[PDB]
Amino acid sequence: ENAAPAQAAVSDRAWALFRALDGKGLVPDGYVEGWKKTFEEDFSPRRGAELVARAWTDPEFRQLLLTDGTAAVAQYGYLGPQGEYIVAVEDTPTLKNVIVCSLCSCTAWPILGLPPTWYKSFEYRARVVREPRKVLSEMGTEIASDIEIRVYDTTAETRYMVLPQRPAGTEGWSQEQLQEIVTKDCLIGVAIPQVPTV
């Protein structure tokens, strides 16, 4: 009945696609290797942390992110393929924002980075829209009852980024320091920035 279709080893099939196109000279020399480096080294959440840290320290920039995110990001030259129209959503003491792409895995590559396996998993895609609080708690983030949870589903071309709340423990920390607190998960809206007392 529901038998899985016969297929060759996945690697064999991945390289067969490559070898086919390459044999016809449809793929530029160094093209594939070039992109790999971009994905691994260039697209990094560190760029997102940078924007957040600055937004905490400089109120003028904060307003730029919240009003014209694309401009603010362009100002750093952190624009890219899956991140041409950026909108930053901020977390107030009574609001928590989370991002999802139920239909696929659309994320702001240049600022957050390539989507992690769990972000593109059937369970996250299906559950977070209906039961955010349950999903977050299981992940390790407990959101109080008086805090409204807003889930943004990346359907069109808009790519989101979350502007977390500034942890009270940082009395006059430097931008450099604040940068280490803002982790990838904070940018996706799944985690809350905490002061590493280790």
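The first residue of the sequence shown is number 1, and the count goes up from there.
For the segment pair 70-78 and 101-109, the entry gives 70-78 the higher mean B-factor, averaged over Cα atoms. Stretches compared: 91-99, 114-122. Higher mean C-alpha B-factor in the entry: 114-122.
Sorting 181, 190, 17, 10 by the CA temperature factor given in the entry leaves 17 at the top. Taking the PDB entry at face value, the top CA B factor among 132, 59, 45, 167 belongs to 167. Among the modelled residues of its chain, residue 35 has a C-alpha B-factor that falls in the highest third according to the deposited record. Annotation for residue 136: CA B-factor lies in the lowest third of the chain's modelled residues. Among the modelled residues of the chain, residue 152 sits in the lowest third by CA temperature factor in this PDB entry. Ranked by Cα temperature factor within the chain, residue 146 sits in the lowest third according to the deposited record. In this PDB entry, residue 55 carries a Cα temperature factor that places it within the middle third of its chain's modelled residues.
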